[PDB]
Every structure is written in C-alpha cells, then in structure tokens.
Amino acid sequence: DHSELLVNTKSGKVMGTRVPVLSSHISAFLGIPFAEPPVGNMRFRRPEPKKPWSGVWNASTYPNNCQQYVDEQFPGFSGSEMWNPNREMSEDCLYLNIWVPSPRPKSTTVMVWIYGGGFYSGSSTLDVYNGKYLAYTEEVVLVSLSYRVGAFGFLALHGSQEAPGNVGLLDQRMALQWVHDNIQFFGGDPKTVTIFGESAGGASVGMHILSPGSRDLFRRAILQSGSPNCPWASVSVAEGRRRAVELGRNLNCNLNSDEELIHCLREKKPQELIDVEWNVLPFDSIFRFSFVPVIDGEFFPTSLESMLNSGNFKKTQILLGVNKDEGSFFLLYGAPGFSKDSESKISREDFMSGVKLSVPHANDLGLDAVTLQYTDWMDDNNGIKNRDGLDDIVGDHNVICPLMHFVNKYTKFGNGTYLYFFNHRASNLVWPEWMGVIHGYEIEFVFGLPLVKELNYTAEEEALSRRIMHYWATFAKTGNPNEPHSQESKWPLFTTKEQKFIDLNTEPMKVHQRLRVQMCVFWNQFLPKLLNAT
C-alpha cells in the first residue's frame, strides 16, 4: 500500500480522486470497469468479466453512459434535462463508481445504487445520483453500477445464445459480483450490501430478490417506486421475440433466422437502433417500454406471480415505497390535454383517451370499469378531477398497486418490511403544481441534495433529507431504519395483519394502514379477473 486514493483489487490497481463535500472531503473512484466492453459481436450477449489490468487504472472521472434515447421535449429545461446522459454515450459503458469515506473505513456498510429509466435509459453519472453526500453524511460506501438499457440490454430471442434476453440484468448481477469480490479493499463489508433503486431500478432490485443466480450477492434491499411485477417491467418470451423481429423489420433485416437477424442488428450503428426503438410496441400506450426483461425460464425460473406465491425468493429485510403522484410525468409526455405550462385540466373526452392509453391491454368493459372506479359522477365535467383522476389511474396501475401486491406476497415469507409513502412537494420544484409529487423526486432527498445550500431547499427540507438518508443507511447497516432505543418517532414494521406504513414529508411522522387498498383491490383482484373471463 502507498496512499488513500490507491486501492488494489483483484482486477488491478485503481487511482481515485479526492472530492470535496460540505466543507470536508472524501475519496471517490469513478468509471472502474467490471465487464469486457460489450461491443461488436458481443452486442446482445452476456457480459464477460473484465480482464484484469496491469498498471494503474485512472478512476478520477465518470465513465461513458450507455447508448440510449434522449429526452428533447423541453430543451435546456432542467426538470427533464437532469435525467439525460451528462456524458458521451458509448456501447462501452459497463463501469461503476465508488464513493468512500475519508479516512478509509475497514469494514463499513455498502450501498449499491441501480438507476431507473424504463430499462430504455438511465445513467450512473447524473447529479441526483451523486453518492458523496450519502457516503459522507452516513459513513457508508456508496456504489453506483450501470447496465445496458434498450435493445442493447434487453433484446430477446429466447433459444438463441447470441441474444438470450435479460443481459442488462446480468450486467447488474456482475457488478454485484464485482462488489462481493472487491469491495473489502475500499473498506466495504461485503456481508452487508444493500441494493437499492428507483423505477426500473426498483423493479431490478426485486428481480434480483426473485432470481436465484442473484440472491447470494446482496444482503438487503430497498425498492423506490418500482417492483418486479409492474406490468411494464417484463414480457413473455413470445412478446420479446415478436418485438425483436419487428425491430429487425424496421431496419430491413433478413428475418428467416435468429442468426441472420442478430447478425443484421449487430451491423448497425447504435443510433439506428434507437431511431426505431419505439415502433415495436404492440399498443398505443403510456408507461410502456420496448425492451424489457423477459420471463425466460433461467433468470426467472417460473412466472413472477408463482414465484411470489410459492415463496420462491430471497428472504431478508426490505424497505420500499411510493410517491404521491407517480403518473403525472407519463401523461405530460404521452397523453392529450396535458402540457408543462398549463394547469392541464382535462376534457371528459381527453379523459376517455387517457384511460385507453393507460390501460392498453383492456377490452371495452375494462375501460368502463376503470372509468367507473375513477369518476365522481356527481361532478363529472370537473377538469381538475378528470386531470387528477387519471394521474392516479396511471400511478395506481403502474406503480402503487403492483408494489402493494409485491409487498403483501413478500411479507408472508420475509424477515421485515418497512413501507413509505413519500408525499413532499419540493419548494424549488421546476415542474408545475399539477404534476404533484413526481416519479423520481424522492431521489434528491435520498441522495442528500437539500444539504447543498445553493440548490435552494428549505431547512425543513434539509432536515427531511438527513432523516431519510439515515433511515436508508441505518436500514442498510441493520435491517431496520430505526436506531435502537432512541427518542425519535418509530417507523413501524409492516405486517401481514396490520399493514402499517408512514408518510415521508416535513410534518411529524404519521403512521397509516392499508396503502390505497380500495383502488389496489380494483387493480390487483377485480380488473384482472374481469379481463380473464371476457
């Protein structure tokens, strides 16, 4: 050994950089490779492990982001623009980032972040995913992995071994492997690794909890606004086949064999794949993505619901939750009548339209039930109600009810569940009032940005961020977000019988029960039963 910023791993040596944080400093190691570049012929394949290197890998700057579609709806607007790649995209994007306390701990708690973005987008290197605040403030080692999104990560021709499906998940698995293997050298305790993530990252987390090949490589888990059974999170192998074929068909490929097709898709430049990515969708829809995990028989041995039922999953502690207004962002981008700069009150006819796109797989009787459950018939041309009703349809259907079924099935077999409902709307939020508490807007609180005065949060917003960070980290370190025998208010355990949960906001903690049961009984029991019979 020689110095604080030089760490030797099983893959080689690695030189970090000293990084400032809230009038102190910590070490940071950025863009460490954990896989061979999945380039040329390796596109669509499994990740291979990174060949070890001689010399000193310079880990002082963030790596390239994976190739992905780029938001251009509000150019220069920070609200949308903060989610885009802030680094040059490249297929050579399988790297991770480590923030580490100064001085180097010996065996501290590890937290590994898994970004969202519908499995079609996402970056480890964004500002909101910066781990220096969490690492500093809570004394954890913070890791952010990456994984291939889009067709590059999720094109599935089941049966073929060139493009099996799921490889973006295997990407994440392998970075977890790499942490299990090397994190001790950074002072991490590999027996005490929490994976955590939001959206597609929250569903990923749950996917690793479900998948055998992934369960041994982490200790605990946090799922934010996503769960592995969301209707957008996975597709049958038949559906993925259809879609890969349809992709080939948009690029004038030979389709008569897996071999010809893959060969063709591999001839292509990345942006050509992205240019037609969205055209493979079976339905006109929102909150649906083209290349997602497949239920293959390997990564997932059986269907998800049967795995949840039969207890076939890792049994450990989990902490998860949702945000008040999960759906708003989807309707803004994808639904008639919603604009960023307007109150977006919605005609009844735009309502009808919205429902159709929000529950794409529904026959007419379906749409009638969904519409009936969500319409105050005493006051049905209220455009605020129509607006807000549809907001809720999207979030209930896509995020909250799937998470709530996940929770109920998991807690039968598990060892501890802590549920939250995050409903603070930030004082500095650039988006309009109507979108409420938006998909992804608990993140900044999880990653500590309210402590950075220049980002202009309130003090009570700072205080909520420190509270949340300490819930998240205490939980990662112990299986419980509460600190033993302390005067603070207690986040009760969530149990099959009483179903408790807490709001997360600036007001004194309040405990509640049965998070959106009424609606989620509609989405999780009745609707599905109705579409099965008809």
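Superpose the two forms; the largest set of C-alphas matching within 1.5 Å is the rigid core. Sequential numbering from 1, following the sequence displayed.
Once the rigid core is used to overlay the structures in 8 other deposited structures of this protein, the stretch among 282-290 and 323-331 whose CA atoms lie farther from this form is 282-290. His485 is a gap in at least a third of the other entries compared, counting only those with both neighbours built. Stretches compared: 240-248, 255-263. Higher mean C-alpha B-factor in the entry: 255-263. Here the stretch with the larger average CA B-factor, out of 113-121 and 266-274, is 266-274. Based on the entry's C-alpha B-factors, the most elevated value among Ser328, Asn408, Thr108, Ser225 belongs to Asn408. The residue among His158, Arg387, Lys324, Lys340 whose C-alpha carries the highest B-factor in the deposited model is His158. Sort the modelled residues of the chain by CA B factor and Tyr147 lands in the lowest third.
Residue-level temperature factors show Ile468 in the middle third of its chain, judged at the C-alpha atom. Among all modelled residues in its chain, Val511 ranks in the highest third by Cα B-factor.
Among all modelled residues in this chain, the alpha-carbon of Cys520 has a temperature factor (C-alpha) in the lowest third. Split the chain's modelled residues into thirds by C-alpha temperature factor. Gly436 is in the lowest one.
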